[PDB]
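Colleague: Please see the structure below; I have some questions.
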Amino acid sequence: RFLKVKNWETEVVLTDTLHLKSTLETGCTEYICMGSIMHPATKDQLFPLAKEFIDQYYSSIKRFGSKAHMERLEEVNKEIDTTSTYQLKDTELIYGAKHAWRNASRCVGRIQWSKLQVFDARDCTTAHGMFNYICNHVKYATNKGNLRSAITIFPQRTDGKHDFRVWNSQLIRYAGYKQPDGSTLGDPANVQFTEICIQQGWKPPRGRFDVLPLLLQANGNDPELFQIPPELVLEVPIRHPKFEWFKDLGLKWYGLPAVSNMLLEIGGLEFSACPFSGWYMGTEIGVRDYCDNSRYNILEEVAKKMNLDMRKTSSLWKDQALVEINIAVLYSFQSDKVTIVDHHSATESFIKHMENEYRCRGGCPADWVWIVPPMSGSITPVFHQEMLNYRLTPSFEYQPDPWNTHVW
Amino acid sequence: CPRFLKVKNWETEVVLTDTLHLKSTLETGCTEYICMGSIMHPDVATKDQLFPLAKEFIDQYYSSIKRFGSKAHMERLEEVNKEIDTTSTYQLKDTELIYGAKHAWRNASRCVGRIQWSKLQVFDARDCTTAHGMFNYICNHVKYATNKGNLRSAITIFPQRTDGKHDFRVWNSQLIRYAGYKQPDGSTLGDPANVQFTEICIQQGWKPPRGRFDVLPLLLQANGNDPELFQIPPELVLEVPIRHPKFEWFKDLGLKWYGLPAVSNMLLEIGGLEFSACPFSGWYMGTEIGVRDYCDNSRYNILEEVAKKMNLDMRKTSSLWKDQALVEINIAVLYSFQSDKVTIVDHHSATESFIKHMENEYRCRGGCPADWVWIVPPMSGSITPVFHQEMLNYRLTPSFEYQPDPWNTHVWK
Ligand code: HEM
Ligand code: HEM
Ligand SMILES: CN(C)Cc1cccc(NCc2ccc3ccc(N)nc3c2)c1
Ligand SMILES: CN(C)Cc1cccc(NCc2ccc3ccc(N)nc3c2)c1
Ligand SMILES: C[C@H](O)[C@H](O)[C@H]1CNc2nc(N)[nH]c(=O)c2N1
Ligand SMILES: C[C@H](O)[C@H](O)[C@H]1CNc2nc(N)[nH]c(=O)c2N1
Ligand SMILES: [Zn+2]
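If you read the protein sequences in the order shown, they are chains B and A.
Residues 304 to 343, 354 to 721 in the entry's author numbering are what the first sequence spells out, letter by letter.
Residues 302 to 343, 352 to 722 in the entry's author numbering are what the second sequence spells out, letter by letter.
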């Protein structure tokens, strides 16, 4: 049935037909909603998925049922038959990668979806090769501050014993170190991964913002360490436009968010290594990275320097400090001509995107829990926007951390 | 359905195990292929529909008082069954009514204040027959709940639905709210949320003062009759003028708000019985006033004026002038209620208490249904502990439910 979503602020009603195309499961049932749970082949399984995907590709270029379409299905069937898998055409690789982004219900940045530079790395065979492809990606995407969205796609899974994996959760991240006195220097989120690099031979500077090395696994082999050339790593010193003391906090961050631990699924094929990157929404750094208790956790320090009353929660000293940090982040990136978007501009673009997608596509799967920013929720337009969440393919999926499945 | 569902807290690593979901009674709207978790709102019971619903509830009650399977349990079951057979409905005992109301609150997935669920004063108004009587009961409720600023949670329960043509309804969405007035020029005076209701009151004969904060009259329907207007005695309406501990100019904005949040348009369902008029009240979380009531664009919408008084650059969104003003307004709200000794809770305290409540519930009850979309506060989400807390949402009974607005269904006499 057609489903309607209302925006309670504008009263705009949109009608969703697209959800009828979903075949994957969401996690919820008729009796239990799991909307806030973070994470809820064979030849025989493979062809219908391949077919589903070839069909929507040829439907998308408006040549559904053409001789080209009929021949492609044939070629794929034969290939699955004779090899237990198949290879995508370049055009298909690009189409599928753009559509995995378009379908990512949790991403507020999807107005950009069709502007994605796709780097085909399916000829890669070694960790050195992966490193080369990754450097090129970082250089292209960074573009001296004028960030460009990109994805690099490594060879698809075969038997599962020969996966290509980027072990890093993002290409560029800061180390975290467990201290004898039990505290944590650097980023506490990366403590484990940092330990694995150390155990593997990495000589740690033991600073607060040490860029981690790349740990790269090719064809199921043991992962290998590489240092990203520093000239490729663009960073922004965080300062505040009014508090001249803010720079004295010694804060910085990297300009390029490049998630590298997801799995890209296209037409039944699985790409376990597909680092992709866009640009930051300010809150990702200013709210979560800096102010999560289990992350850099700087609220106290900033609040101190602001000389706030931190004796009672109801003084909202945390909220005040939170806003000023986010002002600083946006100001710093903007002053250094590095692409960044604030949560007001971003959510506004997402609403427009939604309207675009309902109009041309019959809907837009969206995960309110993720779309709504981690501060000032209800003063952004998405807070008041009803969303429907459903899973469309091609997609980006979670996968297990490689140190839990890998034998050495 | 799997027997054990686990929820994780991503900042503390605490994992909890839910079994209570097995007691889920109604559908959420989600299916295996779509989630409707951000959808706001996704003819009487027959004899045969009522029997198992009553038995389900009676069993649950007797289990709660450790008298399950007792002679008193079996006798109550038999007496209820007889009543349904010979009258096609039944009446709850006072003990059952009280247990039912507390549990509807305990089960309200969207409520962050549920640590308090067992301290609810229940006023039984099932003897009420007229709108003047409803007025008396509501006045008493307001006075008791207000308690000179030391607010006490309470519910007043009017007679249950019979044939559906004799419903008791409070037409107001909350017992105390401010009027809204649409102007010929398109502007709105007062609270734009309440324009429709205000118009209805004016048509019913209410003479509007036409101010910015006019307390709306009660519009009360008894026994399916046409609703009637009553003015709440103003001494019963506790209000707090909003000022700011630093900004001396904040008081010159002339804002105030009422101390008692008393939702009055919901339906209470107990054992298949339907109480269409069951006004209940607790106390405010500051953000309900400082974020939603004041800063929603479709509400009082004061961010701009505050921002201007704060001398902020309002030319770029990326200056975060809105966020900056929003915090100051919420500081003013908490400061003003605390100064006037009217109970209020800030969003940090409330969410931390809720996490403790939820953990206790998982341990003593086997779960705690929770709607993350509603539980996470409308500002500063991720610096409260509920943001990182996985939740499971499902519907248990007794429960509070939405019902249509009565002016849309009322057959005028
Ligand atoms: C171009 C600028 C972009 C912006 C501003 C943006 C913004 C965001 C934000 C703020 C989130 C929430 C992340 C979090 O809170 O941890 C997110 C999620 C996500 N984004 Fe985007 N994004 C962008 C580009 C991209 C690109 C290029 C891709 C892939 C080709 C992508 C795919 C995803 C996916 C799959 C998620 C969900 C991840 C998960 O489920 O854990 N995004 N995005
Ligand atoms: C005593 C202190 C209380 C606090 C701090 C509190 C807090 C809240 C808050 C902040 C919300 C979301 C409000 C919104 O954004 O509109 C809510 C919703 C709700 N509350 Fe509580 N509440 C309290 C008492 C009560 C009581 C006494 C009842 C019933 C007996 C109750 C039942 C509900 C229900 C049913 C909802 C969902 C409303 C809806 O779905 O529209 N609460 N509560
Ligand atoms: C844990 N892994 C999924 C990697 C990881 C680490 C930390 C945060 C996230 N967030 C997911 C995510 C995915 C894509 C993004 C694209 C752009 C952007 N600015 N943030 C994005 C964020 C993802
Ligand atoms: C729509 N109706 C349920 C009435 C209505 C009007 C305006 C706001 C709300 N919010 C829901 C709601 C329900 C119960 C509450 C109890 C206490 C409190 N502080 N807020 C509460 C808020 C509810
Ligand atoms: C679209 C969305 O469901 C709607 O804006 C909800 C979001 N969460 C909410 N949460 C609370 N507490 N109160 C609300 O009114 C809402 N509104
Ligand atoms: C429990 C909850 O699902 C979890 O904390 C989610 C909440 N919403 C989020 N939203 C975004 N954008 N990013 C996140 O990491 C999370 N975390
Ligand atoms: Zn759901």
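Ideal placement from N, C-alpha and C gives every residue a C-beta, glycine not left out.
By the 10 Å Cβ neighbour count, where 16 or more other Cβ atoms means buried, how is B/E613 classified, buried or exposed?
Modeller: Counting Cβ neighbours within 10 Å, B/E613 comes out exposed, since fewer than 16 surround it.
Colleague: Going along chain B in order, which residues have a C-beta closer than 9 Å to the C-beta of A/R601?
Modeller: Per Cβ cutoff of 9 Å: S691.
Colleague: Counting only C-beta atoms, is A/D655 closer than 7 Å to chain B at any point?
Modeller: It does: the Cβ of A/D655 has a partner Cβ on chain B nearer than 7 Å.
Colleague: Quick check: what's the CA-CA separation for B/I511 versus B/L547?
Modeller: If you take the alpha carbons of B/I511 and B/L547, they lie about 24 Å apart.
Colleague: What residues from chain A crowd round B/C604, counting only those whose CB sits closer than 7 Å?
Modeller: Correct list: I692.
Colleague: Report yes or no: is there a C-beta of chain B within less than 7 Å of the C-beta of A/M594?
Modeller: Not closer than 7 Å to any Cβ of chain B, the Cβ of A/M594 fails to qualify, so no.
Colleague: Quick check: does the Cβ of A/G595 come within less than 6 Å of any heavy atom belonging to ligand 4?
Modeller: False, no ligand heavy atom lies under 6 Å from that Cβ.
Colleague: Against chain B, with Cβ distances strictly below 7 Å, would A/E392 count as a contact?
Modeller: Chain B, which has no Cβ nearer than 7 Å to the Cβ of A/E392, makes this no.
Colleague: Output yes if chain A places a C-beta closer than 7 Å to the C-beta of residue 345 of chain B; else output no.
Modeller: Shown without residue 345 of chain B, the model has chain B running from 343 straight on to 354.
Colleague: Heavy atom of ligand 4 less than 6 Å from the Cβ of A/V572, yes or no?
Modeller: Yes, the Cβ of A/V572 comes within 6 Å of a heavy atom of ligand 4.
Colleague: Is A/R461 helix, strand or coil by DSSP?
Modeller: A/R461: coil per DSSP, three-state reduction.
Colleague: Note down, in chain order, every chain B residue with its Cβ under 8 Å from the Cβ of residue 350 of chain A.
Modeller: Within chain A, the sequence of modelled residues goes 343 then 352, so residue 350 of chain A has no position in this structure.
Colleague: Can you tell me which of A/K375, A/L362, A/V615 and A/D319 puts its alpha carbon nearest to the alpha carbon of A/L327?
Modeller: Comparing Cα positions, the closest option is A/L362.
Colleague: In chain order, what residues of the region 626 to 649 of chain A put their CB closer than 9 Å to some CB of chain B?
Modeller: Within the region 626 to 649 of chain A, the residues whose Cβ lies closer than 9 Å to some Cβ of chain B are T626, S627, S628, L629, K631, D632, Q633, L635, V636, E637, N639, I640, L643, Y644 and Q647, listed in chain order.
Colleague: Can you find the residues in the same chain that come closer than 8 Å, C-beta to C-beta, to B/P526, ignoring five residues on each side of it along the sequence?
Modeller: Hits under 8 Å: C510, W515, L538, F539, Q540 and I541.
Colleague: Taking the beta strand (DSSP E) that B/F432 belongs to, which residues open and close that run?
Modeller: Looking at the DSSP string, the run of the beta strand (DSSP E) that includes B/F432 is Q430 to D433.
Colleague: Counting only beta-carbon atoms, is B/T329 nearer than 7 Å to chain A?
Modeller: Cβ-Cβ to chain A under 7 Å: yes for B/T329.
Colleague: For chain B, check one thing: does any of its Cβ atoms lie closer than 7 Å to the Cβ of A/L701?
Modeller: Closer than 7 Å to some Cβ of chain B, the Cβ of A/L701 qualifies, so yes.
Colleague: Suppose contacts are defined by Cβ-Cβ distances below 7 Å. Is A/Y711 in contact with A/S325 by that definition?
Modeller: Not in contact: A/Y711 and A/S325 (Cβ atoms no closer than 7 Å).
Colleague: What did DSSP end up calling A/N717 once you bin it into helix, strand or coil?
Modeller: It is helical.
Colleague: So which residues of chain A does B/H719 contact, with C-beta pairs closer than 7 Å?
Modeller: The premise fails here: B/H719 is roughly 23 Å from chain A at the closest Cβ pair, so nothing lies under 7 Å.
Colleague: Can you pull the chain B neighbours of A/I340, defined as C-beta to C-beta under 7 Å?
Modeller: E699, listed in chain order.
Colleague: Using beta-carbon positions only, say whether B/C331 and A/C677 come within less than 7 Å of one another.
Modeller: No, they are not a contact pair.
Colleague: Quick one: measure Cβ to Cβ for A/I424 and A/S662, integer angstroms, because I've assumed they're closer than 8 Å.
Modeller: That pair is a contact at about 5 Å.
Colleague: Could you round the C-beta distance between A/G599 and A/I638 to whole angstroms and report it? I think they count as a contact, below 8 Å.
Modeller: Correct: roughly 5 Å between the Cβ atoms.
Colleague: So, with DSSP's three-state summary, where would you put A/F663?
Modeller: It is helical.
Colleague: CA-CA distance, A/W566 and A/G520?
Modeller: Roughly 14 Å separates the two Cα atoms.
Colleague: Can you pull the chain A neighbours of B/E312, defined as C-beta to C-beta under 9 Å?
Modeller: Chain A residues near B/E312: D605, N606 and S607.
Colleague: When you check each C-beta in the region 676 to 690 of chain A against every C-beta of chain B, which residues fall closer than 7 Å?
Modeller: Residues passing the 7 Å Cβ filter: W681, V682, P687, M688, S689 and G690.
Colleague: So who's on the other strand from B/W566, going by DSSP bridges?
Modeller: Answer by DSSP bridge pairing, in chain order: B/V549.
Colleague: Could you tell me which chain B residues have their CB closer than 9 Å to the CB of A/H322, listed as they occur along the chain?
Modeller: Chain B residues near A/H322: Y334 and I335.
Colleague: Tell me, please, whether the region 488 to 503 of chain B touches the region 443 to 462 of chain B by the rule of three or more beta-carbon pairs shorter than 8 Å.
Modeller: Verdict: no, contact absent.
Colleague: Within the chosen definition, does the region 425 to 436 of chain A reach the region 452 to 468 of chain A through at least 3 CB pairs nearer than 8 Å?
Modeller: Touching, yes, given that three or more Cβ pairs across the two stretches are closer than 8 Å.
Colleague: Among B/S573, B/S585 and B/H322, which one has its Cα closest to the Cα of B/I485?
Modeller: With distances taken between Cα atoms, B/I485 lies closest to B/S573.
Colleague: How is A/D319 classed by DSSP in three states: helix, strand or coil?
Modeller: Of the three classes helix, strand and coil, the one that applies to A/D319 here is strand, per DSSP.
Colleague: Would you tell me roughly how many angstroms separate the C-alpha atoms of B/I551 and B/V615, rounded to the nearest one?
Modeller: Near 13 Å, if we compare the C-alpha coordinates of B/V615 and B/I551.
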